[PDB]
Protein chains: 2
Amino acid sequence: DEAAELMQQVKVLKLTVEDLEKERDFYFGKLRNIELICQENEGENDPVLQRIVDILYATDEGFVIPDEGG
Amino acid sequence: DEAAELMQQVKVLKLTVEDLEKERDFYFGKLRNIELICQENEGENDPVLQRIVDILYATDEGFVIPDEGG
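Caption draft 1: The arrangement of the overall build of chain A in detail. Scanning chain A for helices and strands turns up 2 helices and 0 strands. For 70 residues, the compact-globule estimate of 2.2 N^0.38 gives 11 Å, and the C-alpha radius of gyration of chain A, at 19 Å, exceeds that figure by more than 25%. Overall, the C-alpha framework of chain A stretches about 65 × 30 × 15 Å when taken along its three principal axes. Split into buried and exposed, the 70 residues of chain A put 31% on the buried side. By element, 47% of the accessible surface of chain A is carried by carbon and sulfur atoms, the whole surface being about 5200 Å². If you average the places of the 7 positive and of the 18 negative side-chain charges in chain A, the two averages end up 7 Å apart.

Caption draft 2: Spotlight on the side chain of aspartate 46 of chain B. Mapped onto the fold, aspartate 46 of chain B is located in the loop between helix 1 (2-41) and helix 2 (48-57). Engagement of the side chain of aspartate 46 of chain B in a polar contact is seen with the side chain of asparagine 45 of chain B, the distance being 2.8 Å. Discounting residues that sit within four places of it in the chain, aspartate 46 of chain B has contacts with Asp46 and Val48 of chain A together with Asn41 of chain B.

Caption draft 3: Broad picture of the packing of aromatic side chains. Applying the stated rule across the entire model yields 4 aromatic pairs over all chains. With a centroid separation of 4.6 Å and 45 degrees between ring planes, the pair formed by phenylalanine 26 of chain A and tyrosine 27 of chain A is classed as tilted. Judged by its relative accessible area of 13%, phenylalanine 26 of chain A falls in the buried class. Three or more aromatic residues joined by ring pairs make a cluster, and in this case those are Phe26 and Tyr27 of chain A together with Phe28 of chain B.

Caption draft 4: A look at unusual backbone geometry. Non-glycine residue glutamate 61 of chain A carries a positive phi angle of around 60 degrees. For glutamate 61 of chain A, a relative accessible area of 76% puts it in the exposed group.

Caption draft 5: Quick peek at the packing of helix 1 of chain B against helix 2 of chain B. All names here are of chain B. At a minimum axis distance of 9 Å, the contact between helix 1 and helix 2 shows a crossing angle of 145 degrees. For the element pair helix 1 and helix 2, the recorded crossing hand is left-handed. Residues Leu31, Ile34, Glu35, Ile37, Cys38 and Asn41 of helix 1 form the contact with helix 2, whose own contacting residues are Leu49, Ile52, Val53, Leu56 and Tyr57. Considered class by class, the residues forming the contact of helix 1 with helix 2 number 9 nonpolar, 1 polar and 1 charged.

Caption draft 6: Inspection of the pattern of salt bridges at higher detail. Residues and elements named next belong to chain A. For the structure on display, the rule yields 6 salt bridges over all chains. Taking the shortest distance from any N to any O, the salt bridge between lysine 22 and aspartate 19 comes out at 4.0 Å. Taken together, the residues span about one helical turn, with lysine 22 and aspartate 19 both in helix 1 (residues 2-41) at a distance of 3 residues. One salt bridge in this structure joins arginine 32 and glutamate 35, with 2.7 Å as the shortest N-O distance. You can see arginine 32 and its partner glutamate 35 sitting in helix 1, 3 residues apart, about one turn around the helix. Classification of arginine 32 by relative accessible area gives partly exposed; the value is 39%.

Rules of the game
Residues numbered from 1 in each chain as written, not as in the entry; some residues may be left out. Chains lettered and ligands numbered in written order. Heavy atoms only, no water. Helix = DSSP H or I, 4+ residues; strand = E, 2+ residues; numbered from the N terminus. Rg over C-alpha atoms; globule rule 2.2 N^0.38 Å. Buried < 20%, exposed > 50% of the residue type's maximum accessible area, 1.4 Å probe, protein only. Areas by Shrake-Rupley, 256 points an atom, 1.4 Å probe, with all protein chains shown as cover. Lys, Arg positive; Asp, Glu negative; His and termini not counted. Charge placed at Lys NZ, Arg CZ, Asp CG, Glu CD. Polar contact = N/O pair within 3.5 Å; in protein donor to acceptor, adjacent residues only side chain to side chain. Contact = heavy atoms within 4.5 Å. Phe/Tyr/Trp six-rings, centres within 6.5 Å; stacked < 30°, edge-to-face > 60°. Axes fitted to C-alpha atoms, helices over the stretch in contact; angles between N-to-C directions. Left-handed = near helix turned anticlockwise from the far one by under 90°. Nonpolar A, V, L, I, M, F, W, Y, C, P; charged D, E, K, R; others polar. Salt bridge = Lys/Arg side-chain N within 4 Å of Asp/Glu carboxyl O.

In structure tokens form, the structure reads like this:
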């Protein structure tokens, strides 16, 4: 019975994982599309793309977390 | 002992969740920054922003999944 409760818990946990995985990948490849426009107009016509490139490499909460791993 | 194995499993599962949560939110608010540039130049100077706006509302794998919920 003890594990049976966790059987349900790993369910909601992994489903949140799967829900997040599709979001992570979907949006991740999306920045690549915005970079696509950058690699087209950068240094050629539009400087606006450069400041959007900064976005893609700007990391929010750049705190050095101790003990990273899996 | 049975649940003890799942105790480790919910650990890696939730940690993947937390790893994904920070990615989901980080990048999510990031599109908002690219939209920020859009809401500035759109209809005023640069049409390039409009095609990046399309990005933010373009959904990959627009398959209608049956039985959605939590």
